[PDB]
C-alpha cells in the first residue's frame, strides 16, 4: 500500500497548492481523486467570460495549480507525473497526475513549498533588484528548454508597455461585461474568492505604477512614498501558440517563475490585461522574440522589508473543489 498516495496526504497538498494565484482570484479549478490518480479540470462556471476569451487565463490558472500541486507533493515525499489533455472528448480535462514516492525530500523541495505560502501579489511600486542578472540565470535554468519562454524587457520599453496598458483600458471603456466582471470579482463582500480590498491600491498609489491593470481603488493611502515610480523588472512569459495546451503550459511556467522569485525574497505581481485583446497582445508580441505569443507579464523587484504585509487573499476550502471517488 506504501507506494500509493493516500487521501490525507493528497488533501493536505491540495490545501497548500490552492494558494496558487489565478485570474481575479477565481480559482477556476476542479479536482477529482480517483483510482490513485488526480484529474485536473477547468471549472467553466468560474471563467470570467468577457475578460478571458477562450478561457485562456482560467486554463492558465489551472496550470499554475498544476505546478503548485507538484511542488506541494514533492515536499510531502511524492513525485508527480503528468498527462496533459488526456481525453480528446473532454477539453475541460486538462491533466491527470499520477504519483510515486521520492527517495528523499531536499531542502530545495522544502523551500519551494514554503514559497507557495509566502507568495502574494504586490501591486505597490517596487525597487529594482540589484542582482537581477544572476537571478535571471536562475529563472532561465528553471524554465529549461520550454515550452514557456521569457523575455526581460528593457527599461526603454517600459513606457510602450504602459501605453499598451492604457490602450487596453480604452478598448474596454464600452465593454460593460468587462466592467461588471471586474466589479464582481472585487466585491468587498466576497469571502473565499475575488480580490479583497486589502490587496488593492489607492488612486494615489496607482499613479506610481505604470505597468498595471486598473482595478477599483482601495481607500486612500500613500504607501512606499519613497518610491516615486515602480522600478520592477518586467518579464514576459510566452508560448509557441495560443491554444488551451499553450495556456496550461503558460501557467505551469508562471508558477515556476513566481515561486523562484519568492524563494529569492523577490516581490511579484502578474499583469495580464495587455494579453487579453488582440491589439494589445500584438503590441507586446513586437517587444519579444519572433513568433512568441505573450501570455503574462510579471513585475519582479523588491518590497521594503519592514512594510506591514496585508493579510493573505482568501481561497475556497478544499471541499468546494476536490472530489474523491471511492475505489
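Numbering follows the first chain given and starts at 1.
Taking only CA atoms, the mean B-factor in the PDB entry is higher for 311-319 than for the other of 15-23 and 311-319. In this entry, the higher average B-factor at the C-alpha atoms falls on 98-106, of the pair 98-106 and 115-123. Set against one another, the Cα B-factors of 229, 238, 243, 168 in the record reach their highest point at 229.
Ranking 252, 156, 181, 163 by Cα temperature factor from the entry places 156 first. In the deposited entry, the Cα temperature factor of residue 295 places it in the lowest third of its chain's modelled residues. Per the deposited record, the Cα B-factor of residue 264 falls in the highest third when ranked against the other modelled residues of its chain. Compared with the other modelled residues of the chain, the Cα B-factor recorded for residue 92 ranks in the middle third. Among all modelled residues in this chain, the alpha-carbon of residue 213 has a temperature factor (C-alpha) in the lowest third. Per the PDB record, residue ranking by Cα B-factor puts residue 189 in the middle third of the chain.
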